[PDB]
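Student: So I pulled this structure from the PDB, and the sequence comes with it:
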There are 2 protein chains.
Amino acid sequence: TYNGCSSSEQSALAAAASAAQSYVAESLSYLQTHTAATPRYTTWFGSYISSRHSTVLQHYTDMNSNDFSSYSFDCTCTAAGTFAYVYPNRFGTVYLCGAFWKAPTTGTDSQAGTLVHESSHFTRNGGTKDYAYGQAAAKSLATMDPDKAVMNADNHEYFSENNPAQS
Amino acid sequence: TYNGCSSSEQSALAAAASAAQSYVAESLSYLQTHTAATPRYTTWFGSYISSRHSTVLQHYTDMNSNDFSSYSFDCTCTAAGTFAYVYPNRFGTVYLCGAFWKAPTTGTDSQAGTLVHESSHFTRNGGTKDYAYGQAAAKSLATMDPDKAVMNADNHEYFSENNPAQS
Ligand SMILES: *[C@H]1O[C@H](CO)[C@@H](O)[C@H](O)[C@@H]1O
Ligand SMILES: *[C@H]1O[C@H](CO)[C@@H](O)[C@H](O)[C@@H]1O
Ligand SMILES: [Zn+2]
Ligand SMILES: [Zn+2]
């Protein structure tokens, strides 16, 4: 459903939700078939170990079961510098702000990637936190504190967006 | 008891066992009072998280209840290239080889530290494995795979020997 969203915003959300669904799907498949260290994994989740891999696998297994297209979207926020926000304990509802509309549908820090980010925050999906923001801090977190990286929303977004792409 | 141990090997073992008991005791106390990341813990057990700290705490809780002075020591092994060995499912018996007698009572890769290493192998004490050998590999294991570090014998020995000393 939509709340305070214009025709164009609903269309953008429709496209972003579908692309977010695909990101999560390809991301889950990747985690299920890659059970050893790979560039794409270590860059965003650090040194590969079974327990952490299971953690991220679980997050995507859960997010994959979500219906991004059925999320309750709210576009009343007009903050030009904010992308989106959610309440971890209030599942399926995403609040969009001004910066979301200026972001590309797919790619780095995209609308679709933003939904994957926010989705990971839901307690049902793993309850990720925001320990680091942006690709640079996300990669640094992966290198220095992998345990936090597998619990950081941006690291999930960047793992899914995979841009620049890695195997 | 002693199996094939001279009077000099027996008294040396009594000292090594007393010092090992002291290592395990101090190591347990440390683990009980340090419930947050510290250099001594992270160097040998990796990034601090409750579950991992609980694992090593348990190992030392059990090892502390062991009585090293009552271990059945066997001195028939004469392999100068190895310190000692045990069967995980055969508690309380340690087989010492040639290299053990050349080592110092306390310090890095000491007689006391070797007893801590071997003790951790007993299933009753946690059943650690030998994923890495030597300080360099042990530290590397701690940084790359914390889960394996808390289950690696050498990491326990070095945490206990604490040389160089760390807070
Ligand atoms: C993550 O780090 C590993 C090295 O451990 C590589 O597989 C990859 O290139 C990425 O930097
Ligand atoms: C273990 O690693 C931490 C860094 O996460 C340090 O605080 C400590 O000195 C040790 O290297
Ligand atoms: Zn966030
Ligand atoms: Zn061993």
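Tutor: Looks like it arrived, so ask away. Numbering: from 1, shown residues only, chains lettered A, B, ... in the order given. Ligands and ions are numbered 1, 2, ... in the order given.

Student: show me where chain A has strands.
Tutor: The residue ranges that make up the strands of chain A, judged by DSSP state E, are A:2-3, A:72-74, A:84-85, A:93-96.

Student: and the ones you listed, which is most packed in?
Tutor: strand A:93-96 (a mean of 23; mean count of other Cβ atoms under 10 Å in any protein chain shown). Just so you know, the C-beta spots here come from the backbone N, C-alpha and C atoms, and that holds for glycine as well.

Student: and it, which strands flank it?
Tutor: In the sheet containing strand A:93-96, its partner strands are strand A:72-74 (parallel), strand A:84-85 (antiparallel), by DSSP bridges.

Student: returning to that earlier point: among the strands of chain A, which is nearest residue B:22?
Tutor: Counting by Cβ to Cβ, residue B:22 lies closest to strand A:84-85 out of the strands of chain A; the figure is 54.4 Å.

Student: Next, see if the closest one gets close to ligand 3.
Tutor: No - Strand A:84-85 is not in contact with ligand 3 by Cβ under 5 Å from the ion; minimum separation 7.5 Å.

Student: Which residues does that strand contact?
Tutor: Surrounding strand A:84-85, the residues in contact under the criterion Cβ atoms under 8 Å, 6 or more residues apart in numbering or on different chains are A:77, A:94-97, A:100, A:114-115, A:117-118.

Student: again, only this time at 10 Å
Tutor: Outside of strand A:84-85, the residues that reach it under the criterion Cβ atoms under 10 Å, 6 or more residues apart in numbering or on different chains are A:73-75, A:77, A:79, A:94-97, A:99-100, A:103, A:111, A:114-115, A:117-118, A:121.

Student: Ligand 3 contacts on chain A?
Tutor: Those residues of chain A that sit near ligand 3, judged by Cβ under 5 Å from the ion, are A:130, A:153.

Student: which residues of chain A fall in helices?
Tutor: Chain-ordered helices for chain A, with DSSP state H as the definition, fall at A:7-33, A:39-45, A:50-64, A:98-102, A:111-121, A:135-144, A:146-149, A:153-161.

Student: Filter the contacts of strand A:84-85 down to the buried ones.
Tutor: Restricting those to buried positions leaves A:73-75, A:77, A:94-97, A:99-100, A:103, A:111, A:114-115, A:117-118, A:121, with burial counted as 16 or more other Cβ atoms under 10 Å in any protein chain shown.

Student: Contact partners for residue A:82?
Tutor: Residue A:82 sits next to A:95-100 when contact means Cβ under 10 Å, 6+ apart.

Student: With distance to ligand 2 added, can I get those residues in CSV?
Tutor: Putting these into CSV (distance: Cβ to the nearest ligand atom, whole Å) gives the following:
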residue, distance to ligand 2
A:95, 35
A:96, 36
A:97, 35
A:98, 37
A:99, 33
A:100, 35
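
Student: any idea how far residue A:118 is from ligand 4?
Tutor: Summarising the geometry, the distance separating residue A:118 from ligand 4, computed by Cβ to the ion, to the nearest Å, is 47 Å.

Student: can you pull the contacts of the residue lying closest to that residue once chain neighbours are set aside?
Tutor: The shortest distance from residue A:118 to any non-neighbouring residue, by Cβ to Cβ, 6 or more residues apart in numbering or on different chains, is to residue A:86 (4.8 Å). Contact criterion Cβ under 10 Å, 6+ apart gives A:71, A:74, A:92-95, A:115, A:117-122, A:153 as the residues in contact with residue A:86.

Student: cool, and residue A:42?
Tutor: The neighbourhood of residue A:42, defined by Cβ under 10 Å, 6+ apart, consists of A:48, A:139, A:142-143, A:146, A:149, A:166.

Student: Phi, psi for residue A:133 please.
Tutor: Taking degrees, to the nearest 10, you get phi -120, psi 130 for the backbone angles of residue A:133.

Student: what's the closest non-adjacent residue to it?
Tutor: Leaving aside its sequence neighbours, residue A:133 sits nearest to residue A:154 (Cβ to Cβ, 6+ apart; 5.9 Å).

Student: How much space separates that neighbour from chain B?
Tutor: With distances taken as Cβ to the nearest Cβ, to the nearest Å, residue A:154 is found 19 Å from chain B.

Student: Tell me how many other residues crowd that residue.
Tutor: A count of nearby residues for residue A:154, using other Cβ atoms under 10 Å in any protein chain shown, gives 25.

Student: so who does residue A:75 touch?
Tutor: Contacts were defined as Cβ under 10 Å, 6+ apart; by that measure residue A:75 touches A:2-6, A:9-10, A:12-13, A:84, A:94-98, A:100-101.

Student: how close does the nearest residue to it once chain neighbours are set aside sit to residue A:157?
Tutor: Spatially, and ignoring its direct neighbours in sequence, residue A:75 is nearest to residue A:5 (3.8 Å; Cβ to Cβ, 6+ apart). Remark: distance between residue A:5 and residue A:157 (Cβ to Cβ, to the nearest Å) = 22 Å.
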